[PDB]
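Chemist: sequence and experimental coordinates follow.
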Amino acid sequence: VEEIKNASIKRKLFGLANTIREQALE
Amino acid sequence: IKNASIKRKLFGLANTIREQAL
Amino acid sequence: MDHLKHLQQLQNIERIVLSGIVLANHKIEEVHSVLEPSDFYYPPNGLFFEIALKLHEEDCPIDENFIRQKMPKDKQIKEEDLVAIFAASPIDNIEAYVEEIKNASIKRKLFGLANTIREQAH
Amino acid sequence: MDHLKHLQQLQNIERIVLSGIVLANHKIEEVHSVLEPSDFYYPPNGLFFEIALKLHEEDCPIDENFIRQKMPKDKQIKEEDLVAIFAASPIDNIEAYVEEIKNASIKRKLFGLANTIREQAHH
């Protein structure tokens, strides 16, 4: 329902993006 | 939400294209 | 490889794919079915691919001579970026390389979008 | 606020801001609308901001690779100062920081003019 999905998704994208950055350094 | 949705959708498409590739 | 070596290797890889197209024009087709100029990490690499596509569409050989002569005008490619592409060593089987350029591209687009999103959220 | 701590804070804030620009190269337009290289406390950070401004005018990515490629090579940024900038944590909303960086720049300019006024008076 509503924009609940547009949080699971964005957060999904932010988690993937963060995963790729963390996997590029340190 | 307006352009962001279209950007996420086209991004999603460039993604599945790599698999449809065959 | 640290992050730096990876970015340096993406740049190198683009040169090698493009060099191969100069030495074997017909590959522009198999490479284009995956890549657009927009997918190139180093912009001048993108403008080079963009000139080559245009040459191929009209059946004119893709070489140093024609790349320069038909080079845009409003937009140019630096002398060293040109030399660095032409001088890269052509390998066989650039399938992997082409795939890494496309992958790297999708990663960047994801990053741009990830930013823009957390940006519109203020 | 200890004076030493403060200074260290200013240096740390400048990196986080520069590190943030590396994460979102577009943020350089906003930051530049309030900051010039000369406004950075630690000179190497200003030099970095400088190369970045140049890289963005050429639409070239601002990353570890190109920052090191576009370095003046007559003048260079010591590796420790680079890893300092690249390792710092990109924050969300570096606004206050940018205005903080600008504010301390103005203070230093205030202090400089104060000294030339004192010096050029004691003939």
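Modeler: That came in fine, so what should we check first? Numbering: from 1, shown residues only, chains lettered A, B, ... in the order given.
Chemist: got the phi and psi for residue C:59?
Modeler: With angles defined as degrees, to the nearest 10, residue C:59 sits at phi 60, psi 20.
Chemist: interface residues of chain C facing chain D?
Modeler: Counting by Cβ under 8 Å from any Cβ of the partner chain, the positions of chain C adjacent to chain D are C:3-4, C:7-8, C:11, C:41-43, C:111, C:115, C:118-119, C:122. C-beta here means a position set from N, CA and C on the backbone, and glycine is covered the same way.
Chemist: make CSV from the residues you listed and add neighbour count and secondary structure to it.
Modeler: Written out in CSV, the entries for the residues of chain C next to chain D read as follows (neighbours: other Cβ atoms under 10 Å in any protein chain shown; DSSP: H, G, I helix; E, B strand; the rest coil):
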residue, neighbour count, secondary structure
C:3, 16, helix
C:4, 16, helix
C:7, 22, helix
C:8, 17, helix
C:11, 17, helix
C:41, 20, coil
C:42, 22, coil
C:43, 17, helix
C:111, 16, helix
C:115, 17, helix
C:118, 16, helix
C:119, 14, helix
C:122, 6, coil
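Chemist: which one is the residue of chain C found nearest chain D nearest to, not counting chain neighbours?
Modeler: With Cβ to the nearest Cβ as the measure, residue C:7 is the residue of chain C nearest to chain D, at 3.5 Å. Of all residues not flanking residue C:7 in the chain, residue D:65 sits nearest, at 3.5 Å (Cβ to Cβ, 6 or more residues apart in numbering or on different chains).
Chemist: returning to that earlier point: what's near enough to touch the residue of chain C closest to chain D?
Modeler: With Cβ atoms under 8 Å, 6 or more residues apart in numbering or on different chains as the criterion, the residues that contact residue C:7 are C:41, D:63-66.
Chemist: now these as JSON lines including distance to residue B:4?
Modeler: Below are these laid out as JSON lines (distance: Cβ to Cβ, whole Å):
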{"residue": "C:41", "distance to residue B:4": "24"}
{"residue": "D:63", "distance to residue B:4": "24"}
{"residue": "D:64", "distance to residue B:4": "28"}
{"residue": "D:65", "distance to residue B:4": "29"}
{"residue": "D:66", "distance to residue B:4": "28"}
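Chemist: tell me the two of those that are most distant?
Modeler: Using Cβ to Cβ, these span at most 12.8 Å, a distance reached by C:41 and D:64.
Chemist: surely residue A:6 and residue A:13 touch.
Modeler: No: when contacts are counted by Cβ atoms under 8 Å, residue A:6 is not listed as touching residue A:13 (10.6 Å).
Chemist: name the element the residue nearest the centre of chain A belongs to?
Modeler: Computing the C-alpha centroid of chain A and ranking residues by Cα atoms, centre = their mean puts residue A:14 first, at 2.2 Å. In the assignment (DSSP states H and E), residue A:14 maps to helix A:5-22.
Chemist: any idea how far stretch C:28-48 is from the chain center?
Modeler: Here stretch C:28-48 is found 4 Å from its chain centre; the criterion is Cα atoms, centre = their mean, to the nearest Å.
Chemist: now swap in stretch C:96-114 and tell me
Modeler: 12 Å.
Chemist: buried set for that stretch?
Modeler: Buried residues in stretch C:96-114, counted by 16 or more other Cβ atoms under 10 Å in any protein chain shown: C:97-98, C:100-102, C:104-105, C:109-114.
Chemist: same check, this time on stretch C:65-73
Modeler: Counting neighbours by 16+ other Cβ under 10 Å, one finds that the buried residues in stretch C:65-73 are residue C:67.
Chemist: chain center to that stretch, what's the gap?
Modeler: The gap between the average C-alpha position of stretch C:65-73 and the chain average comes to 16 Å, counting by Cα atoms, centre = their mean.
Chemist: and stretch A:17-26, by the same measure?
Modeler: Between the mean C-alpha position of stretch A:17-26 and that of its chain there is a distance of 12 Å (Cα atoms, centre = their mean).
Chemist: and stretch C:19-33, by the same measure?
Modeler: Its chain's C-alpha centre and that of stretch C:19-33 lie 11 Å apart, by Cα atoms, centre = their mean.
Chemist: before we move on, what about stretch A:16-24?
Modeler: Centroid separation between stretch A:16-24 and its chain, computed with Cα atoms, centre = their mean, is 10 Å.
Chemist: and what of stretch C:56-67?
Modeler: Stretch C:56-67 has its C-alpha centroid displaced from the chain centroid by 16 Å (Cα atoms, centre = their mean).
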